[PDB]
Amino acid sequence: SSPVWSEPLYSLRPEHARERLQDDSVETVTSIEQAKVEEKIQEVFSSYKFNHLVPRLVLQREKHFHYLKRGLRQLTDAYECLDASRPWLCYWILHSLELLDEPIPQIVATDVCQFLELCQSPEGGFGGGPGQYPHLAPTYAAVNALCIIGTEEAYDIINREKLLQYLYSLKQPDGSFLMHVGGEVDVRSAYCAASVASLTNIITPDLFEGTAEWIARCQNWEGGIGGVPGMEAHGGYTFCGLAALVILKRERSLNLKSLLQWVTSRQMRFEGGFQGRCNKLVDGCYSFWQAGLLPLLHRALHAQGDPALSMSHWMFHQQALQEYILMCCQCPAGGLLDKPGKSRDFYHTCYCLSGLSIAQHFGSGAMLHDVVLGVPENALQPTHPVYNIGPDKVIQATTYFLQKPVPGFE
């Protein structure tokens, strides 16, 4: 076959050029923008090929580590726009470090715990910063961050009694949840609530009454799920919807056939990455929101006894996604990004790596099959498809909280 120092790539096959956009000689803003991206991506792909010599791809772990380590402590005023999302920054950075198997010093871990405690609201839940009103987004992030740290100190920071009361204070009669008091409603809330409620063992029989049905109403003609009933299928909202249903054990409420066909169609034939909506551009962060749906669908179908499911691969091109992330989404100075030409940020660093991990690791029952493209060191730690934190962290947290009673309920 091939010597160990050369690894043929899917994106470099001669026939891959046939995957370039065919605009039928009818130009619109959509095709013009798509063609511009493909042109740049082809240039990038070609820079990794030296005729028959194709060096193994490398995840710049050390560069990413230094970028993350610095951000966990300090951020430039360029992040003032995220002053109401500090727990998100904690989660994005800690999860990235977790995926890279970079240890978190005990002192830094305690400091994160203390900071998130300051973000916790007396009414329950966490806000975007100290003194801010609680909101389900930073609440979801804070809980995930605390679970990644996984110490009893971290677990006990969460005021479970008030958290459950807070969730009740956001619950609507139609099954949906507000993101915060007097705030907006969309499927993100159902997932944020289901995620934190299941991890901390505070689910009551009535908490999610009608929620599964509301989420199902969000699935549209495309097969994917929109933010609210009637809206366009979107990768981020679809991940929220399916993940929430998996937690509620109500995945069957959806048409899984149309959902599967929709998400698989979101992988770009030329770029290898995923787009968030049909006819929109590729973006590294959808490596998680979209690809993450495949392990969820695998689990859902496996629970139904689907005799046709693979026992070694997810139903998306795992190699092509790794090729897109490794060749197109890494910032040479550390951090990951949307696509070539875009600047790095902690959000894309988190989700590009999360998607890379999903693409590298397949697991079902007693079957495990890894596909780590490039040098062996590229292998990342696995991530749980529902919560997007390490599976070990999910088990440790759920076990810990299951030892506590549901707040004021039997």
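Sequential numbering from 1, following the sequence displayed.
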Entry-level comparison of average CA B-factors, 269-277 and 78-86, reporting the higher stretch: 78-86
Residue stretch of maximal mean CA temperature factor, 396-404 vs 382-390: 396-404
Maximum C-alpha temperature factor, selected from 154, 163, 243, 178: 154
Among 105, 295, 223, 128 - the residue whose C-alpha B-factor is largest in the record: 105
Third assignment of residue 319 from its chain's C-alpha B-factors: lowest
Chain thirds of CA B-factor: placement of residue 343: highest
Ranked against its chain, the third holding the CA B-factor of residue 232: lowest
Ranked against its chain, the third holding the CA B-factor of residue 284: lowest
Ranked C-alpha temperature factor of residue 98 among modelled chain residues, by third: middle
